[PDB]
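Chains, contacts and geometry: an overview
The lines below spell out each chain.
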Amino acid sequence: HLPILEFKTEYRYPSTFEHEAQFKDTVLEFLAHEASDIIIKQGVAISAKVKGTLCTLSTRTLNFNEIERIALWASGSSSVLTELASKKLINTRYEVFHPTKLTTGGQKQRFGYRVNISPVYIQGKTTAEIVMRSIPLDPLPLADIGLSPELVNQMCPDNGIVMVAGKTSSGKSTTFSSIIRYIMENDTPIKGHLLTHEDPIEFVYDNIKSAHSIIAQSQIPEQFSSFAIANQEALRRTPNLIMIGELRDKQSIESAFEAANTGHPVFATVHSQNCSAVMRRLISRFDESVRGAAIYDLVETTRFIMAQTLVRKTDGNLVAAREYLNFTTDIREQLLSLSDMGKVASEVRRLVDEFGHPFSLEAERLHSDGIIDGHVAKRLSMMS
Amino acid sequence: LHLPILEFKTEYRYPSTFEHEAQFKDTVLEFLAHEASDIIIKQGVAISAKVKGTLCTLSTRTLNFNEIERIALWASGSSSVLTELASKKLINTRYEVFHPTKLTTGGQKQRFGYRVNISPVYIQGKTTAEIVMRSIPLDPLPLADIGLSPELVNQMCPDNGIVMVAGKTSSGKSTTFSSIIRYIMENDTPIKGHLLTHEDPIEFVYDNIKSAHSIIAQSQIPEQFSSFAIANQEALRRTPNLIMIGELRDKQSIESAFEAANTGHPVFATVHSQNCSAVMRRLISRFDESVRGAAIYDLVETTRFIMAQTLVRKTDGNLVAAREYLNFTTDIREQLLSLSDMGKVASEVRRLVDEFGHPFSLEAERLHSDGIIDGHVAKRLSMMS
């Protein structure tokens with residue numbers, strides 16, 4: 001057995017890897033398949049994740065030398081074997097140029113990758129294994145990622161917290177980047193100063209021209225020790241929008257509460273699988289003594305909850321199925337009038353079914369189109 | 001002149017004094033000619049190995065603390081290991097010896113794999129190292145050999161969340177997980193792609209496992225990553241489709257499991273626990289009461305499947321694995337969530353394994369009916385674990 005094998009674009013897989021350009025070229029084929037990530041390790045052919053599956057351009061296997069020089073070309077020095085042996089973590093960036101395709105500004109397009117180089121153990125020896133994660137530049141417009149202007153306007157309140165929920169960075173990052181680019185490109189309730197705080201910063205808005213808004217991005221570990229510090233600082237920064245981060249600590253959730261209650265959009269990401277799961281995860285953070293106050297704040301400040309997952313369409317390629325509830329003034333008024341606040345989670349699950357877009361409905365409507373087969377639809381409906 | 005048994009030699013003459021690594025590897029190869037399973041190097045006596053359980057040596061000559069120094073350097077990952085010994089660091093690693101005389105494999109070569117304990121000892125008023133290398137299986141074992149049903153292990157390989165096998169140290173969780181991974185990448189399973197394993201001592205290797213859909217990277221955790229925490233921080237930086245992390249032993253390990261799982265990865269964890277309830281209780285106890293609610297919710301929500309396992313000696317005299325397991329479905333998990341009291345979760349889990357899972361009592365009953373275990377053994381299994 002062997003990994004799935006790609007079809008090339010006028011590119012000759014080398015017998016061997018001696019010339020960096022040799023490597024840039026492979027990288028460029030993998031781009032032409034738009035492979036998101038690229039694993040190079042010994043005893044295996046250079047691999048990438050295309051439409052989420054592992055794929056190779058050859059059956060040749062990297063010898064130790066090939067990998068040794070690649071480690072060099074992938075950003076860093078020839079010290080990288082010692083540096084790995086020095087228990088130093090090798091996380092860098094590597095850019096590649098597209099040969100004849102050009103930027104809107106007459107610039108040769110840059111391609112970013114985040115390269116990690118990690119000790120692995122194979123054929124009895126400690127070698128390097130290198131994973132390069134493609135870096136997006138420009139946010140994708142709504143149509144390309146499948147969100148309608150009508151739907152997105154609901155996610156642009158003048159205050160409160162819009163949460164996108166999900167189980168991987170990529171989906172959330174992309175959705176929120178798209179929604180921001182749309183925000184600054186169109187006439188929305190949200191206008192002005194837009195801060196984003198990003199662990200890895202991914203999308204950039206250098207090429208997004210706005211009539212009415214400016215955007216400032218801060219990478220959090222490098223520039224802002226912590227997200228808490230970044231959000232504390234943002235209030236000194238007259239934001240009209242705060243892309244907060246991951247909303248997993250109690251401190252994070254309460255900071256989101258405070259920012260929303262100072263009256264400017266907070267966009268937050270949540271590692272949960274659906275909207276009720278979002279609610280009950282967020283509630284879980286708080287002790288019972290404070291849990292009522294916390295629930296009131298959460299219901300009153302939340303304006304919109306989107307969970308999404310990625311499902312393979314009929315075509316090999318993937319798509320984002322989305323459940324969302326829009327927290328209308330009606331919805332919030334209902335949720336606040338619950339004799340029992342243990343039920344809020346449950347209640348929200350009800351309400352998403354009543355006035356929202358549940359995963360069952362999304363599976364149903366994608367399946368009504370040729371887009372997802374019945375198995376993927378049933379799986380997605382049980383995401384719920 | 002009293003001496004342990006010494007072998008008749010195949011291929012080489014014993015060194016005057018161990019200096020070069022190649023002499024030591026050659027000695028290991030001599031022991032292997034005799035099918036030696038374990039090797040003890042200690043100061044007072046000649047390098048010995050256990051052939052068919054009995055101690056033996058290649059020579060009458062004893063070793064100086066110097067050559068025990070050297071040998072310790074060779075077998076261990078680290079340099080100047082004695083300072084690490086006096087730092088009360090536990091030094092278990094792995095050590096490999098390839099066969100000299102073109103003994104090759106079904107493929108291209110043939111390698112022998114060793115689990116190396118180095119332990120502080122006391123000899124003649126001085127602290128020393130004793131070294132012990134146990135030959136350990138190189139390639140993961142098929143499911144049939146470890147007595148797992150493909151259906152069950154498919155049960156245990158979600159797209160996301162935490163799969164835990166609990167047990168005592170001598171219960172071969174590592175073996176179970178290695179089998180489950182080998183099967184993962186040899187068959188069509190929900191989990192496929194980049195699989196990372198972080199292993200203190202790396203035991204099994206996947207060099208000879210051909211996969212249609214998956215690549216595996218193993219990282220040894222003392223020697224290649226300084227800590228498990230670092231390896232798991234790095235794991236997300238890579239593009240993992242499965243992370244075999246460490247033991248879930250302290251708050252930080254459990255939290256790393258939480259992060260990996262919540263960023264959408266299968267997470268394979270071991271727990272030092274006798275049964276599933278005990279696993280839950282133990283993991284929950286790692287967190288302070290202030291954070292322990294959050295920690296509980298995270299724990300129930302990220303867990304997909306819990307296996308406790310023991311090695312019990314069977315009527316034949318050999319030992320097999322008794323397994324109790326619970327599969328955490330959406331229904332099971334939500335039913336764990338929706339308690340009046342969350343402090344009761346552990347209790348609940350007990351209940352639940354009896355109701356929907358494979359408790360130890362059932363497993364002992366079915367082992368005993370097929371005559372695998374003697375009846376006493378079955379009673380012991382039912383009593384607790």
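The record lists X-ray crystallography as the method behind this PDB entry and 2.7500 Å as its resolution.

**Some points on the overall build of chain A**
If you tally the helices and strands in chain A, you get 15 helices and 14 strands. Taking all contacts inside chain A whose residues are at least 6 apart in sequence as the whole, residues at least 24 apart take part in 59%.

**Here we look at the domain arrangement of chain B**
All names here are of chain B. Splitting chain B by domain gives domain 1 (1-138) and domain 2 (139-385). On the domain 2 side, the residues contacting the nine residues of domain 1 number 12 residues. Summed over both partners, the interface of domain 1 with domain 2 comes to about 980 Å²; 47% of that surface belongs to carbon and sulfur atoms. Ranking the residues of domain 1 by area buried against domain 2 places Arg94, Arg115 and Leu138 at the top, with a combined share of 47%. For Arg111, the salt bridge goes to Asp207, with nearest N and O atoms at 2.3 Å. Counting every contact that joins domain 1 to domain 2 gives six residue pairs in polar contact.

**Remarks on the pattern of salt bridges**
Where charged atoms from two side chains of opposite charge approach closely, those side chains can pair. All names here are of chain B. Inspection of the entire model under this criterion finds 31 salt bridges over all chains. Its salt-bridge partner being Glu186, residue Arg182 comes within 2.7 Å of it at the nearest N-O pair. With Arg182 and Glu186 both in helix α6 (residues 173-186), this residue pair falls four residues apart, about one helical turn. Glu348 is paired through a salt bridge with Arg351; the nearest N and O atoms lie 2.6 Å apart. In this pair, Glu348 and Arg351 both sit in helix α12 (residues 345-356), three residues apart, roughly one turn of the helix. Each of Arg94, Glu96, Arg111 and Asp207 takes part in a single network of salt bridges with overlapping partners.

**Details of the domain arrangement of chain A**
All names here are of chain A. The domains assigned to chain A are domain 1 (1-137) and domain 2 (138-384). When each unit is reduced to the centre of its C-alpha atoms, the spacing between domain 1 and domain 2 is 33 Å. Listed per partner, the contact involves eight residues of domain 1 and 13 residues of domain 2. Of the roughly 750 Å² buried between domain 1 and domain 2 on both sides combined, carbon and sulfur atoms contribute 47%. For the interface between domain 1 and domain 2, the tally reads two salt bridges. Among the ionic pairs, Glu202 bridges to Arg114, the shortest N-O distance being 3.8 Å. Along the contact surface separating domain 1 from domain 2 lie four residue pairs in polar contact. The residue inventory of the side of domain 1 that touches domain 2, partitioned by class, reads four nonpolar, two polar and two charged.

Scoring rules and cut-offs
- Residues numbered from 1 in each chain as written, not as in the entry; some residues may be left out.
- Chains lettered and ligands numbered in written order.
- Part of a larger assembly, values for the part shown.
- Heavy atoms only, no water.
- Residues with missing side-chain atoms left out of burial classes, pairs and counts.
- Helix = DSSP H or I, 4+ residues; strand = E, 2+ residues; numbered from the N terminus.
- Contact = heavy atoms within 4.5 Å.
- Domains from an automatic or database assignment.
- Buried area = accessible area lost by both parts, 1.4 Å probe.
- Salt bridge = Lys/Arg side-chain N within 4 Å of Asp/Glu carboxyl O.
- Polar contact = N/O pair within 3.5 Å; in protein donor to acceptor, adjacent residues only side chain to side chain.
- Nonpolar A, V, L, I, M, F, W, Y, C, P; charged D, E, K, R; others polar.

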